[PDB]
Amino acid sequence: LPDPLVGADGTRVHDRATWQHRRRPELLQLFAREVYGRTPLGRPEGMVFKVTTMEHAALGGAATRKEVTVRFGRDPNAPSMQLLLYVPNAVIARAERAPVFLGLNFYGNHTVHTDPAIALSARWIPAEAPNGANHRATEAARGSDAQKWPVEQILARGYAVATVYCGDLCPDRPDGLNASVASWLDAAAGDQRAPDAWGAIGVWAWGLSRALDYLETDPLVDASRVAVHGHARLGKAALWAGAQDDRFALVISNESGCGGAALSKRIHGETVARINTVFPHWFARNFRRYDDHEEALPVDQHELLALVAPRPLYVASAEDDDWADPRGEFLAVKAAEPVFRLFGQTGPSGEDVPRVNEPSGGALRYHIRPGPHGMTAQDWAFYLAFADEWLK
């Protein structure tokens, strides 16, 4: 592995200021140029927030539900995304602003809960979407992804729940960038995009920061206590959003795998060539230089993990998710751990993967659970306990 504490010019990093002001920028530029693609703008001038629905007694009175259209320019044809937010009414009643879990969803806001008041998504949805007809949402799709989205449990634990359909931002399909935030800004289609131009993971990540922009204006939530989380490909997005945007208070990667938390140079499970051929829209075209050539990579994913430091970072695996390379995810955490310890934070104790269902580490935390790829109640219990400790 490239040593996170040795700079690209061979300079060894021995102090927190050099990490922050020299090594971090260096790593951000390398991930942007060679891996994810460059994010071509931050907050758009002229972005508009419009609350389209609000219900103070949603979920049997447990929560206030808002839907917010976030439009990225004043042009009414500019792209937008639809933010679903649930705020726990008990917290509101104590005249307190709730901390927030924020993450993208795979198949639409209407899939995170059966709640029939959620607007069905009008956007293209992938064929794998349960109860989807002709790539469009259907009433039968309501709550179809609830397993990954314990909304009422999260609310009962004192957190707001914010989500956006990843396909509002970039449709998850090999040509999706052609109708996305990226094509709003860049008339190039397909593989005419610049080699260092962002792909779907960068667009998804950017959307998470725009959601945080909205949350900073919502009087019901505390935008300085946002945990950004994602599962699998959306966990890749959560990692890159949290690395680019240090406003996020805590980052959670649930089984994000190749190009997320897993070491690429391990060549275990999904490889760089495989991921770029199946998902040519996810990464920068420059990342294809490393197809069957991971040895030339100037970074590996322990350095993306390290870009969260010293903020709390939870990486987790599933024992039978070999395609994600669970031990490669653990070793990325261990290889990032020296940067966290530079800031006085600690990672997993000892040098090999902990027993299943036994989290290990302080602000840099890891667990592996039994079972197949997924996001389970046990995963969520561990994440909520982590947030309880780190979000005041």
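The numbering used is simple: start at 1 and walk along the sequence shown.
For the pair 185 to 193 and 217 to 225, the mean Cα B-factor is higher in 185 to 193. Judged by mean Cα B factor in the deposited record, 293 to 301 ranks above the other of 255 to 263 and 293 to 301. The PDB entry gives the largest Cα B-factor of the residues 311, 274, 236, 157 to 274.
Taking the PDB entry at face value, the top CA B factor among 91, 315, 100, 307 belongs to 91.
Among all modelled residues in this chain, the alpha-carbon of residue 10 has a temperature factor (C-alpha) in the highest third. Sort the modelled residues of the chain by CA B factor and residue 60 lands in the highest third.
When the modelled residues of the chain are ordered by their C-alpha B factor, residue 26 lands in the middle third. Sorting the modelled residues of the chain by their CA temperature factor places residue 124 in the highest third. Ranked within its chain, residue 33 lands in the middle third, by CA B factor from the PDB record.
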